[PDB]
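1. So I pulled this structure from the PDB, and the sequence comes with it:
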There are 2 protein chains.
Amino acid sequence: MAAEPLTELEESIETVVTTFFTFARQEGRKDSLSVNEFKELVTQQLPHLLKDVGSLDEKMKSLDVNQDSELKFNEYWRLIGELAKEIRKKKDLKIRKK
Amino acid sequence: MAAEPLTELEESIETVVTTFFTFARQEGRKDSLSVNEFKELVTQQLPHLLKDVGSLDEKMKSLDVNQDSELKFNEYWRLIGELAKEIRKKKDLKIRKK
Ligand SMILES: CC(C)c1ccc2oc3nc(N)c(C(=O)O)cc3c(=O)c2c1
Ligand SMILES: CC(C)c1ccc2oc3nc(N)c(C(=O)O)cc3c(=O)c2c1
């Protein structure tokens, strides 16, 4: 249950786990991310990527599909895809040259 | 349209796009990934992350859900979740510390 660096492509997915899981372990489950801390991370360390830092209720409901307490990686996975999808095409209509 | 470096967390998921997009551009849709080249990426530059390199069809069928011979980021999204999930708890039975 510990992410170690190996190759350039394997290190990218490892950097996202090793950087925020140090604070996510504070609440229940080691592999699960907190419901109150992920909202603060998207408005402090990840604000430029996801334009809707305040309007996160659309994804917040889609993430916790089982509805327990926190966002497990299987539940948080809905934002992991939007992380690399909104990086190049957050507004593919007005701005298309980054 | 293209992916450019940003913050520590945003740059990790951003680098994964720019590394494989250099070879994915040759096939249809720049944002979409090929069904043969992505399989070769796991058996050359990502073999240690995904322990099951031979039987890739188990995830391949879950990726191309639309059935159009093109793995868009919405289709490839299922492997992005399994990439970061099969790094710390790949074999949660025999080994649980790396
Ligand atoms: C990848 C990094 C953020 C990470 C992820 C999961 C972790 O799960 C652990 N389990 C433990 N019981 C103890 C401990 O017993 O101190 C500590 C940790 C980690 O340091 C630990 C570190
Ligand atoms: C830095 C270089 C290797 C690179 C990396 C990712 C890229 O992602 C893009 N996205 C797009 N939709 C289109 C496009 O709409 O034409 C083109 C590209 C790139 O040229 C492109 C170029």
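-> Done, it's in. Numbers count the residues shown, from 1 in each chain, chains lettered A, B, ... in the order given. Ligands and ions are numbered 1, 2, ... in the order given.
2. Now the nearest residue to residue A:37 once chain neighbours are set aside: which helix or strand?
-> Ranked by C-beta to C-beta, 6 or more residues apart in numbering or on different chains and with sequence neighbours excluded, the top spatial neighbour of residue A:37 is residue A:23, at 6.1 Å. From N, CA and C alone the C-beta is placed, and that goes for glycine too. Counting by DSSP states H and E, the element that carries residue A:23 is helix A:8-24.
3. ditto for residue A:80
-> Here residue A:80 sits within helix A:73-89, counting by DSSP H and E.
4. Just the CA atoms of that helix, as PDB, please.
-> The C-alpha trace of helix A:73-89 is given here as PDB (Å, rounded to 0.1, in the frame of the first residue of the first chain):
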ATOM      1  CA  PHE A  73     -10.100   5.900  -5.500                       C
ATOM      2  CA  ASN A  74     -12.900   3.900  -7.300                       C
ATOM      3  CA  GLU A  75     -15.300   6.900  -6.500                       C
ATOM      4  CA  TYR A  76     -12.800   9.700  -6.900                       C
ATOM      5  CA  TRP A  77     -11.800   8.200 -10.400                       C
ATOM      6  CA  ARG A  78     -14.600  10.400 -12.000                       C
ATOM      7  CA  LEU A  79     -12.400  13.500 -11.300                       C
ATOM      8  CA  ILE A  80      -9.100  11.800 -12.200                       C
ATOM      9  CA  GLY A  81     -10.400  11.500 -15.900                       C
ATOM     10  CA  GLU A  82     -11.600  15.100 -15.900                       C
ATOM     11  CA  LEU A  83      -8.100  16.100 -14.500                       C
ATOM     12  CA  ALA A  84      -6.400  15.100 -17.800                       C
ATOM     13  CA  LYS A  85      -9.500  15.800 -20.000                       C
ATOM     14  CA  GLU A  86      -9.900  19.500 -18.900                       C
ATOM     15  CA  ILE A  87      -6.100  20.200 -19.000                       C
ATOM     16  CA  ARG A  88      -6.100  20.500 -22.900                       C
ATOM     17  CA  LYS A  89      -9.900  21.000 -23.600                       C
END
